[PDB]
Amino acid sequence: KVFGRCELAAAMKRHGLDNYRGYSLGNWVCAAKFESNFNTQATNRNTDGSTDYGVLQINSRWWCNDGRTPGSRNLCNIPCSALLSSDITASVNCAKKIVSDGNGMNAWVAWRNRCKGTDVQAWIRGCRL
């Protein structure tokens, strides 16, 4: 499913991501834009052999099981294909563990590089939330 900017903002909100660990909604929406272009079906393989899945591009080295990443840890306890669904619930629950992990949203490279220190509020402007 390719979400609309405001549709995604609204679902993320409803899912408890707004201000989750001090990161406002605009942060989450910006990171989703840059990680997957709002497409829940986005996948990207990494040099290490791991793969990023879904709207939030969650890595199979640590967070989910895809059956082909040796030494994966499966911290979110889910198969990686669950992260590709039209329903963002598992992506969200998993992102919440990730962000609680220590480095915050810095875990997301596009967030760090394209979102961080920018006017992220722009991302939810005009939305009915």
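Just a few scattered comments:
- Within the range 33-45, if we keep just the residues that are among the polar types (S, T, N, Q) and surrounded by fewer than 18 Cβ atoms within 10 Å (Cβ to Cβ), the residue that is farthest from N113 (Cα to Cα) turns out to be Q41.
- Taken over the range 78-92, residues that are without any contact (Cβ under 8 Å) to a residue 24 or more places away in the chain and over 17 Å from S50 (Cβ atoms) amount to 2.
- Every residue from the range 46-99 that is part of a loop (DSSP other than H, G, I, E, B) and among the polar types (S, T, N, Q): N46, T47, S50, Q57, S60, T69, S72, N74, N77, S85, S86
Residue by residue, here is whether (1) of a type outside the set (A, V, I, L, M); (2) at positive phi holds:
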site	(1), (2)
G71	yes, yes
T89	yes, no
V92	no, no
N103	yes, no
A122	no, no
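- Single residue of the range 46-84 satisfying the filter (surrounded by fewer than 18 Cβ atoms within 10 Å (Cβ to Cβ) and touching a helix residue (DSSP H, G or I) at 6+ places or on another chain (Cβ under 8 Å)) that is farthest from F3 (Cα to Cα): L75
- The range 95-110 - residue that is under 18 Å from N44 (Cα atoms) and touching a residue at least 12 places away in the same chain (Cβ under 8 Å) and, of those, surrounded by the most Cβ atoms within 10 Å (Cβ to Cβ): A95
- Listed by first and then second residue, the pairs with beta-carbon distance under 8 Å, at least 6 apart or on different chains, first residue in the range 49-60 and without any contact (Cβ under 8 Å) to a residue 40 or more places away in the chain and under 14 Å from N77 (Cα atoms), second surrounded by 21 or more Cβ atoms within 10 Å (Cβ to Cβ) and among the hydrophobic types (A, V, I, L, M, F, W, C), are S60/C80.
- Flag if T89 is of a type in the set (S, T, Y) and under 17 Å from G26 (Cα atoms): no
- Within the range 1-18, the residues that satisfy the criterion of being closer than 17 Å to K97 by Cβ and in a loop (DSSP other than H, G, I, E, B) are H15, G16, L17.
Each value in this text was obtained by applying a stated rule to the coordinates, not by laboratory testing. A quick note on method: Cβ atoms are made from the backbone with ideal geometry, for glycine too, and the neighbour counts reach across all protein chains shown.
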